[PDB]
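Have a look at the structure below, then the notes.
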Amino acid sequence: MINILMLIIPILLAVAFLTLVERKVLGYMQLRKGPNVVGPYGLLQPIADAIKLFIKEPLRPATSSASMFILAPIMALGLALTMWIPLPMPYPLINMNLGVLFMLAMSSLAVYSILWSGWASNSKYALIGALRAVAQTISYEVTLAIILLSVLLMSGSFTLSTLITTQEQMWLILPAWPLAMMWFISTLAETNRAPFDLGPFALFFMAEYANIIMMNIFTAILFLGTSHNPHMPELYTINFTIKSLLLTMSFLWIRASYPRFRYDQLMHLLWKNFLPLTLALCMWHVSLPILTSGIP
Amino acid sequence: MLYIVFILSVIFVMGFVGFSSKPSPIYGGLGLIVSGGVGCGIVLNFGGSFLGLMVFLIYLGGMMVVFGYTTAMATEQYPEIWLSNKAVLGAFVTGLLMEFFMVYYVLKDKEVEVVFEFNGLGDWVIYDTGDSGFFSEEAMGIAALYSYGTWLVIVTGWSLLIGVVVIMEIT
Amino acid sequence: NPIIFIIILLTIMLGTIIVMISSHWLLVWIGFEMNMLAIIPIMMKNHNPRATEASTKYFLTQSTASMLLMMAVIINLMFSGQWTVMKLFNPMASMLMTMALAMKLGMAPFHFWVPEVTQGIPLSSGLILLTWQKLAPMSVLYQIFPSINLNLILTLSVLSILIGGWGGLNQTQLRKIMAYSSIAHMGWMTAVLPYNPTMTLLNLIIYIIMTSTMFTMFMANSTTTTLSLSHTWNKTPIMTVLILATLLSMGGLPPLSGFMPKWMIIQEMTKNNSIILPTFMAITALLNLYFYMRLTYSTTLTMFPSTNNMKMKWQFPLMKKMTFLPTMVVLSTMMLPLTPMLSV
Amino acid sequence: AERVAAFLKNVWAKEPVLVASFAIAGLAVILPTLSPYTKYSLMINXXXXXXXXXXXXXXXXXXXXXXXXXXXXXXXXXXX
Amino acid sequence: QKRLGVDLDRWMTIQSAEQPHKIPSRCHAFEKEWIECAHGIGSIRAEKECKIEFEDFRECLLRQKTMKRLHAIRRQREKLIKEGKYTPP
Amino acid sequence: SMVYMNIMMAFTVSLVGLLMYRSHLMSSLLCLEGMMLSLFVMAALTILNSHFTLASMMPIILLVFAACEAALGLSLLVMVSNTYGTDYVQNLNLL
Amino acid sequence: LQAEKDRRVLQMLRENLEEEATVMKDXXXXXXXXXXXXXXXXXXXXXXXXXXXXXXXXXXXXXXXXXXX
Amino acid sequence: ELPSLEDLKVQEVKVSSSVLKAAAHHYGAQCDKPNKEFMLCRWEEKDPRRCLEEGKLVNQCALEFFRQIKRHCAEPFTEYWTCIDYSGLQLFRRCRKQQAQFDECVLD
Amino acid sequence: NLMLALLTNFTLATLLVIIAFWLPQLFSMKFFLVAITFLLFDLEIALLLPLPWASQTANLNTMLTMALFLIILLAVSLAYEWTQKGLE
Amino acid sequence: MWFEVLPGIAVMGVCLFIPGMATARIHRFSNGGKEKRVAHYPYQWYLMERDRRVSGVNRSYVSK
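The following block contains the structure:
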């Protein structure tokens, strides 16, 4: 068992090397030059941010309540890194008995990361804004469970390995046309700062940007696939990375192009408008395997 | 190494001590994450793929998250250390000693119990299940079905209609 | 509270049906919780500082009580295996089961919430529901009356009339007197369960009708003894005759319908060679009469509650069955001698 | 029309997404009853065995043969 | 039940029933014995004739009779320290 | 048998937690969750070890109703903090 | 399915030889007519037993959900 | 309890490794009489102690099936066995092209 | 192993906290109604979770009427959220 | 231009390229035939157990 370390260390580098992508690709959107002075094309800057924040930068806590504040980043980073384990890939590390149920569970527990940070500060000034940030994540998790089930009820069980095999000739974007549009918006609620925005503070960046890649990959399993090929692992590995990278560009697209939707009208897009739409499509997706034979 | 479930059952009780004792709803709330997450392993080891993960989805990622709101809505009082308080440390030490004294009696197999049932060893007999089923295996492998139990679906739907209507009327 | 209030009230009606028609132990747990989520809104209604205290006290003493029932349900999986509401089997399971039922019906060590909850209701319509809710766990006891150890069921009946017979003496609140009248009558309920299952359900038929008539007589607003005092001279004088008749029947007196349950409770108990226990039931029954005796002195005596303010306009309350049921509550001695068999 | 034609274009103008919430969910109930295709899907669900088939003792039986391929029982061969 | 269900049935409560799949219960061999014994009214109300069949059913779920038996073997194997002990596996 | 011995002891600790009160009211509703959590483990193991298949749906239904009391009773807690300053078992008017 | 029942007989025979070796002098356990009072059907039995000796084989056979290869 | 003899039944049980048996569904068609009679005995009488005599014929007929494939047309059988084990548990997916080489030799 | 896989992530997460810690030396009750509705809807989701994994052996005609039934009442609960929810 | 953006993408075509290849290439060293078996349900779990019993001793997955 050495492969676990081969899924944390290159992943922590992927969150680090995001700092290039998150302001150079975002840079050309805004007609500005991103990283250039630090490296040949700014490749030395992502690792330079780590030396700046981890070692030299000291701490000044508000109250430091015994166990908390030095426990919230462990829940933030821990839950973000454990999400990589059930991922199907070409081959998964320790494949669970049911796949997507583990995926929804560790994301619903990832709400605590922003909850314990609100309890860390003694002031009332911070906790009202902290609970508002919880409301952005907690509300969209209702619909996230519904849109997941509609894709599953079309084909395959909860296992993530079966979701690759069902996409043999055509993608799941075409049968789930309005549902694919939902996953572009619903994923951005989890601290992406595109439709709505709120030492150890630096550790939250390493956890929040990790979930951004996680939602990009998870959308490329439920809706993308193209080919499987069990005999050739070479063809799948390259083709999967390009599909995930194109979704990473769309995540940074919303951050630059579109203003914030307001907190009150975030509950008018969802609940008032999205929840009647998602359930109507869920009603449609119950009838689909009954109308025409479609059972795994 | 020998036991799998028995070690997790001790940690299950360990998290539960902060409930008979009163360590405030902040630290007392933290107990349900510790006891819940380890409590899944007790369920999962004997089987149940769906039912084992339901604790993570509802009890851990739904139940206590709503309880996270109420701690801020009512009685926040800025979180305090649960060691300086009187009788709280006394309830915690007596709570663990009721179970940890029984742990010492596990050695040499037989242990004294208040109940009539004996404990013995039960390591290989802890699971007490054969292979039996193969394809579409386990009783919990097909745990929930809308068929046969049609009456249960109606009343559960009825009760969840009550909750939304009632709580809106109180406020 | 518009149309949906009837729907909320309907779920309590439907909730008891789930308890009535049941074979599964988890199905009655659902049936009890159908009442839990549906009584609390009617307990609040107008939203009062006294109503908030009562509803929380009603929740915490009853939700923990039903949670003890679920333990006995799970012991029925560990021992005896089968999920059937026929027998309790284990003596270990029965100890937690009977105490969970005592938290709703036995009352002898679990009365504490009743005088505060019944007083805490701002409306007269909420008073009926607590006397109607007691029908639900009685259906459970009628199913599993064998196997359960009689030594710790009859203690819940003997002690309840003692605390019920003393707990109403120092009370002037009209809701509080009726709260301890429950516990006093609940002793007679948990006494016929070991000795012949019939007439135990007829005890409910007599009690529920008698209590539903009582609170519907208090549709003309009264919350204390002094507020029910000003009724004979200032308000309707002929109305207080029916209040007198219902209160006399609440205690054990022969020419009234309320003595007719007390007939068979002793009759079936004496057949089982027990004399020393039914004697104690009769002496403690005198203590119950005393509360109704003092409350009939608001109807018989002058008591001087004239007041300056006088009502001339005719009163129009709800009164669902406040005319048909008091006639059965006043006289049913000659009407129901062989009717014991008709119920069960 | 007083409700058919009048309360259609106003629903498309004011709150347009609410049209889809009633139309898609509504047709999800109508379609599985009227369309003649649902009866085929029920047969394949019952034909696919979850556990091993049980063998019965032969004593005057019709449409029952050996394990080898022969004209016996039902045996589904619907659509290729 | 205080009021019985007529015509329509909503049960699936008792052990040894028409299961969700073809898979049977773990104690199904002992489950059939208790149903066949207590089908008559004068068997469970008396509770004397079905005493043997219920104890074997009690042996299946709790496994208390087998637990005490395996306890004696495991203790005696531990008791044979610095003595003759059987080993083959 | 062996696993059941620890979770029954965990059940008694959660039972006492309901019956114990010192100032705060929030602990009771936290203990109501713990009581239903301890009952969830006890119910699951009995059906999982001794197979039932049909009865494995019953703890899933039990999981739903556990939250119903832990929300509708939890809603009443906020109403105390609207009438009074903060939630206290010490702060009661009824006699 | 035959491979399951062939192993169950072989595992019981090793357990029978161990019972005869351990119980000789003090204990009056004969091991006759099994644990069951009826003794006509005979259940799984070796689901809980499966030989007490050698923990390396017992841990892999009992636990299937753990690790899951 | 009265257990069976130490000699038991079937000399040298099982052919070789797993998946090999799962690769061929022709075991259902050829040699079915000993398999069905053991099945009919075991559901009527739940005890393995009584219907073990029929199970002795099952394992003996199992060796008879595999020996016939090893004697005639071994080259398509070995190539099909390498295909099924290289992949996970597809069993018939991405191996149908190599399945065409099989059965054709057996058809003779 | 699942236990070995989970514990490795948390132990490396704890180590990152110590690096920053040890090395250098020199009100509003309207939010509550949203939170409650999250819990009550997710329980209906919990009942509607088995659908893709359950519908394999059971009869479709018996399930079809019951499967949609939970989603209909899940919309009726949202229909009660339209009759004045508040400013939120 | 793109010649500045592409090195930022090419570095992501190495770091995200690792978890896919490292999980696949490890089956050559660990197993005999570059394949790991999936458990799912006891049917496939029992086949894994009997394969080790069919002359393999320590190996779980082995041919013949």
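Chains as they are written, first to last, in the numbering used here: chain A, 20 to 315; chain B, 3 to 173; chain C, 7 to 350; chain D, 418 to 497; chain E, -5 to 83; chain F, 57 to 151; chain G, 6 to 74; chain H, 68 to 175; chain I, 989 to 1076; chain J, 322 to 385.
Note that beta-carbon positions come from the ideal geometry of N, C-alpha and C, so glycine has one too.
Within the segment 155 to 189 of chain A, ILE157, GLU160, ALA164 and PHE177 place their CB atoms closer than 9 Å to a CB of chain B, listed in sequence order. Nearest to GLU104/H by C-alpha distance, out of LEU87/H, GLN168/H, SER83/H and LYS123/H, is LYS123/H. The C-beta of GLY33/B comes no closer than 8 Å to any C-beta of chain A.
Around the beta carbon of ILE17/E, 16 or more other beta carbons sit within 10 angstroms, so the residue counts as buried. Chain-order list of chain E residues neighbouring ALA26/G: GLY78, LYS79 and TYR80, by C-beta distance under 9 Å. Identification of chain E residues near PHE121/F by a Cβ-Cβ cut-off of 9 Å yields none; the smallest Cβ-Cβ distance measures about 17 Å. Around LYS357/J, the same chain offers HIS348 as residues with beta carbons nearer than 6 Å, after the five sequence neighbours per side are excluded. Membership of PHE169/H in any alpha helix (DSSP H) is not indicated, and neither H nor E is assigned to it by DSSP.
When beta bridges are read from the DSSP output, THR238/C appears opposite no residue. In the structure shown, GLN179/C adopts extended strand secondary structure according to DSSP, grouped into three states.
Around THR229/C, no beta-carbon contact reaches into chain F at under 8 Å, the shortest distance being about 14 Å. Among the residues facing chain A, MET333/J is included, as its CB has a counterpart in that chain under 8 Å away. If you draw a straight line from the Cα of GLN177/C to the Cα of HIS107/F, it comes to about 56 Å. Given a length threshold of 4 residues, each whole run of the alpha helix (DSSP H) inside the segment 48 to 117 of chain B is given here in chain order: 51 to 56, 66 to 75 and 90 to 106. At a cut-off of 8 Å between beta carbons, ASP130/B makes no contact with chain J. Between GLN157/H and chain A, the shortest Cβ-Cβ separation is below 8 Å.
Taking 9 Å as the upper bound on Cβ-Cβ separation, chain F lies near residues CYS54, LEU55, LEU56, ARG57, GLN58 and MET61 of the segment 47 to 78 of chain E.
Straight across, the Cα-Cα distance linking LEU46/B with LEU992/I is about 16 Å. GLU125/F is positioned such that its CB atom lies closer than 8 Å to that of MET42/C. 8 Å or more divides the Cβ of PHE136/B from the Cβ of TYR382/J. With its beta carbon at least 8 Å from every one in chain H, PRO252/A lies outside the interface. At a cut-off of 8 Å between beta-carbon atoms, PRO14/E makes contact with chain B. A contact is defined here as three or more CB-CB pairs under 8 Å, and the segment 187 to 200 of chain C fails this definition with respect to the segment 301 to 315 of chain C.
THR329/C carries a coil assignment under DSSP once its states are collapsed to helix, strand and coil. Among the CB atoms of chain H, none fall inside 8 Å of the CB of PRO109/A. Going by DSSP, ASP50/E is part of the alpha helix (DSSP H) stretching over 45 to 55. At the C-beta level, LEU120/A and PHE177/A come within 8 Å of one another. The beta carbon of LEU71/F is closer than 8 Å to those of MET91 in its chain, skipping five residues each way along the sequence. Assignment of alpha helix (DSSP H) within the segment 71 to 142 of chain H, counting only whole runs of 4 or more residues, yields 87 to 90, 100 to 111 and 119 to 138 in chain order. Contact between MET1054/I and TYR148/B holds: CB atoms are separated by about 4 Å, below the 8 Å threshold. When the Cα atoms are used, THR252/C and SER263/C turn out to be separated by approximately 9 Å. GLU41/A is positioned such that its CB atom lies closer than 8 Å to that of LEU271/A.
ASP11/G: member of the alpha helix (DSSP H) spanning 7 to 27, first to last residue. When DSSP states are grouped into helix, strand and coil, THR58/C belongs to the helix group. Nearest to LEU20/C by alpha-carbon distance, out of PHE297/C, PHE221/C, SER29/C and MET40/C, is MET40/C. Taking a contact as a CB-CB distance under 8 Å, the pair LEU1062/I and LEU168/A does not count as one, their CB atoms being some 12 Å apart.
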